[PDB]
Structure formats: C-alpha cells, structure tokens
Number of protein chains: 2
Amino acid sequence: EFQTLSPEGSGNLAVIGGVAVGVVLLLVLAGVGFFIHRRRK
Amino acid sequence: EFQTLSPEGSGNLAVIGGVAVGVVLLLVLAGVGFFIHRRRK
C-alpha cells in the first residue's frame, strides 16, 4: 500500500494539504508509536 | 474512478483537503475500530 502525495500548492488553498497531510503522518507515528510498544518487548 | 469534470474549475487546490482530511477521519475509525477490541483483552 505504497502512497506518496507530492507537494502541490497554488496559494492559500495550499495550506490545506500542508496541515491536513501533516496531521495524517503524525497520526501514524503516534498510534503506531505506542501501539507497537505498549507492553515493551 | 474520478469522472465528470468541468473544463475550468477555480478549486483544483480544494481537492487537497477533501482527500487529505477524508483520509484522516477514516484513519481514526479504522485504527480505533479494531484497536477498541483488539485481541479482546
């Protein structure tokens, strides 16, 4: 499930992807961050 | 899959939030969906 959203901005509407996308990635590291080591190894 | 497109639209950047944001919400329901009863206990 490889996916890559290249940077595409025009003006003020570009800020949408920047924040939106940025949130997605952060969501992964977060959940997958503790959900991967919730009880250590 | 995407069809019916106008010859000139002043919102090509809007599609960013639509997809980006839409993905975020879906990410929650997904993870929180199985992570709510994963392996039962």
# chains A, B, ... in the order shown; residues from 1 in each chain; ligands from 1
call {"tool": "calpha_fit_and_write", "arguments": {"fixed": "chain B", "moving": "chain A", "output": "CSV table (one decimal) with N, CA, C and O atoms, in the first residue's frame"}}
result
chain,number,residue,atom,x,y,z
A,1,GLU,N,-21.3,0.6,-2.3
A,1,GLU,CA,-21.2,2.1,-2.2
A,1,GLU,C,-19.9,2.6,-2.7
A,1,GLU,O,-19.2,3.3,-2.0
A,2,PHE,N,-19.5,2.2,-3.9
A,2,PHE,CA,-18.3,2.7,-4.5
A,2,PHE,C,-18.3,4.1,-4.9
A,2,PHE,O,-19.3,4.6,-5.6
A,3,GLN,N,-17.4,4.9,-4.5
A,3,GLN,CA,-17.3,6.3,-4.8
A,3,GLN,C,-15.9,6.7,-5.1
A,3,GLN,O,-14.9,6.3,-4.5
A,4,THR,N,-15.7,7.6,-6.0
A,4,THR,CA,-14.4,8.1,-6.4
A,4,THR,C,-14.5,9.6,-6.9
A,4,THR,O,-15.1,9.9,-7.9
A,5,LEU,N,-13.8,10.5,-6.2
A,5,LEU,CA,-13.8,11.9,-6.5
A,5,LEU,C,-12.5,12.3,-7.2
A,5,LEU,O,-11.5,12.5,-6.6
A,6,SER,N,-12.5,12.3,-8.6
A,6,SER,CA,-11.4,12.7,-9.3
A,6,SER,C,-10.8,14.1,-9.0
A,6,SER,O,-11.6,14.9,-8.5
A,7,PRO,N,-9.5,14.3,-9.2
A,7,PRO,CA,-8.9,15.6,-8.9
A,7,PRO,C,-9.3,16.7,-9.8
A,7,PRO,O,-9.1,16.6,-11.0
A,8,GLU,N,-10.0,17.7,-9.2
A,8,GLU,CA,-10.5,18.8,-10.0
A,8,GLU,C,-10.1,20.2,-9.3
A,8,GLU,O,-10.8,20.6,-8.4
A,9,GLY,N,-9.1,20.8,-9.8
A,9,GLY,CA,-8.6,22.1,-9.2
A,9,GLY,C,-8.5,23.2,-10.3
A,9,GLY,O,-8.3,22.9,-11.4
A,10,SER,N,-8.7,24.4,-9.8
A,10,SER,CA,-8.6,25.6,-10.7
A,10,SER,C,-7.6,26.6,-10.2
A,10,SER,O,-6.8,27.1,-11.0
A,11,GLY,N,-7.6,26.8,-8.9
A,11,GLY,CA,-6.6,27.8,-8.3
A,11,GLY,C,-6.5,27.6,-6.8
A,11,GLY,O,-6.0,26.5,-6.3
A,12,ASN,N,-6.9,28.6,-6.1
A,12,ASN,CA,-6.8,28.5,-4.6
A,12,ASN,C,-8.0,27.8,-4.0
A,12,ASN,O,-7.9,27.2,-2.9
A,13,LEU,N,-9.1,27.7,-4.8
A,13,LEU,CA,-10.2,26.9,-4.3
A,13,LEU,C,-10.0,25.4,-4.4
A,13,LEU,O,-10.7,24.7,-3.7
A,14,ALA,N,-9.0,25.0,-5.1
A,14,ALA,CA,-8.7,23.6,-5.3
A,14,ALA,C,-8.1,23.0,-3.9
A,14,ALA,O,-8.4,21.9,-3.6
A,15,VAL,N,-7.4,23.9,-3.2
A,15,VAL,CA,-6.9,23.5,-1.9
A,15,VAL,C,-8.0,22.9,-1.0
A,15,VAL,O,-7.7,22.2,0.0
A,16,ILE,N,-9.2,23.4,-1.2
A,16,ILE,CA,-10.4,22.9,-0.4
A,16,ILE,C,-10.5,21.4,-0.5
A,16,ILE,O,-10.5,20.7,0.5
A,17,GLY,N,-10.7,20.9,-1.7
A,17,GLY,CA,-10.9,19.4,-1.8
A,17,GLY,C,-9.7,18.7,-1.4
A,17,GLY,O,-9.8,17.6,-0.7
A,18,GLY,N,-8.5,19.2,-1.7
A,18,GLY,CA,-7.3,18.5,-1.3
A,18,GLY,C,-7.2,18.2,0.2
A,18,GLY,O,-7.0,17.1,0.7
A,19,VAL,N,-7.5,19.2,1.0
A,19,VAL,CA,-7.5,19.1,2.5
A,19,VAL,C,-8.8,18.4,3.0
A,19,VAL,O,-8.7,17.3,3.7
A,20,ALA,N,-10.0,18.9,2.6
A,20,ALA,CA,-11.2,18.3,2.9
A,20,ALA,C,-11.3,16.8,2.6
A,20,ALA,O,-11.4,16.0,3.6
A,21,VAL,N,-11.1,16.4,1.4
A,21,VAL,CA,-11.1,15.0,1.0
A,21,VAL,C,-10.1,14.2,1.7
A,21,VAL,O,-10.4,13.2,2.3
A,22,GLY,N,-8.8,14.8,1.8
A,22,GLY,CA,-7.8,14.1,2.5
A,22,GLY,C,-8.1,13.7,3.9
A,22,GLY,O,-7.7,12.7,4.4
A,23,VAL,N,-8.9,14.6,4.5
A,23,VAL,CA,-9.3,14.4,5.9
A,23,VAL,C,-10.3,13.2,6.0
A,23,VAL,O,-10.2,12.4,6.9
A,24,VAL,N,-11.2,13.1,5.1
A,24,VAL,CA,-12.2,12.1,5.0
A,24,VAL,C,-11.5,10.7,5.0
A,24,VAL,O,-11.8,9.9,5.9
A,25,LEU,N,-10.7,10.5,4.0
A,25,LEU,CA,-10.0,9.2,3.9
A,25,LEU,C,-9.3,8.9,5.2
A,25,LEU,O,-9.4,7.7,5.7
A,26,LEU,N,-8.5,9.8,5.7
A,26,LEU,CA,-7.8,9.6,7.0
A,26,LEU,C,-8.8,9.2,8.1
A,26,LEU,O,-8.4,8.4,9.0
A,27,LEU,N,-10.0,9.8,8.1
A,27,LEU,CA,-11.0,9.5,9.1
A,27,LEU,C,-11.3,8.0,9.1
A,27,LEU,O,-11.5,7.4,10.2
A,28,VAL,N,-11.4,7.5,7.9
A,28,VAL,CA,-11.8,6.1,7.7
A,28,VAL,C,-10.7,5.1,8.3
A,28,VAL,O,-11.0,4.3,9.2
A,29,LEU,N,-9.5,5.3,7.8
A,29,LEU,CA,-8.3,4.5,8.3
A,29,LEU,C,-8.2,4.5,9.8
A,29,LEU,O,-7.9,3.5,10.5
A,30,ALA,N,-8.5,5.7,10.4
A,30,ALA,CA,-8.4,5.9,11.8
A,30,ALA,C,-9.5,5.1,12.5
A,30,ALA,O,-9.1,4.0,13.2
A,31,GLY,N,-10.7,5.5,12.4
A,31,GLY,CA,-11.8,4.7,13.1
A,31,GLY,C,-11.8,3.2,12.7
A,31,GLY,O,-11.7,2.4,13.6
A,32,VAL,N,-11.8,2.9,11.4
A,32,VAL,CA,-11.8,1.6,10.9
A,32,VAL,C,-10.5,0.9,11.3
A,32,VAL,O,-10.4,-0.3,11.2
A,33,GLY,N,-9.5,1.7,11.7
A,33,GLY,CA,-8.2,1.1,12.0
A,33,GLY,C,-8.3,0.4,13.4
A,33,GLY,O,-7.8,-0.7,13.5
A,34,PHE,N,-8.8,1.1,14.4
A,34,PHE,CA,-8.9,0.5,15.7
A,34,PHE,C,-10.2,-0.2,16.0
A,34,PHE,O,-10.3,-1.2,16.6
A,35,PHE,N,-11.3,0.4,15.4
A,35,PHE,CA,-12.6,-0.1,15.5
A,35,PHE,C,-12.7,-1.6,15.0
A,35,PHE,O,-13.6,-2.3,15.3
A,36,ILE,N,-11.7,-1.9,14.1
A,36,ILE,CA,-11.7,-3.2,13.5
A,36,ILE,C,-10.9,-4.2,14.4
A,36,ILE,O,-11.1,-5.4,14.4
A,37,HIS,N,-9.9,-3.7,15.1
A,37,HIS,CA,-9.1,-4.5,16.0
A,37,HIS,C,-8.9,-3.8,17.4
A,37,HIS,O,-7.8,-3.6,17.8
A,38,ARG,N,-10.0,-3.5,18.0
A,38,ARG,CA,-10.0,-2.9,19.3
A,38,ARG,C,-9.7,-3.9,20.4
A,38,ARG,O,-9.2,-3.6,21.5
A,39,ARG,N,-10.1,-5.2,20.1
A,39,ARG,CA,-9.9,-6.3,21.1
A,39,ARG,C,-9.1,-7.4,20.5
A,39,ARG,O,-9.2,-8.6,20.9
A,40,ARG,N,-8.3,-7.1,19.4
A,40,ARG,CA,-7.5,-8.1,18.7
A,40,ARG,C,-8.4,-9.3,18.2
A,40,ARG,O,-9.6,-9.2,18.4
A,41,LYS,N,-7.8,-10.2,17.6
A,41,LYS,CA,-8.5,-11.4,17.1
A,41,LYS,C,-8.1,-12.7,17.8
A,41,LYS,O,-8.6,-13.7,17.5
call {"tool": "select_by_dssp", "arguments": {"residues": "chain B", "states": "helix (DSSP H, G or I)", "output": "list in words"}}
result
residues 14, 15, 16, 17, 18, 19, 20, 21, 22, 23, 24, 25, 26, 27, 28, 29, 30, 31, 32, 33 and 34 of chain B
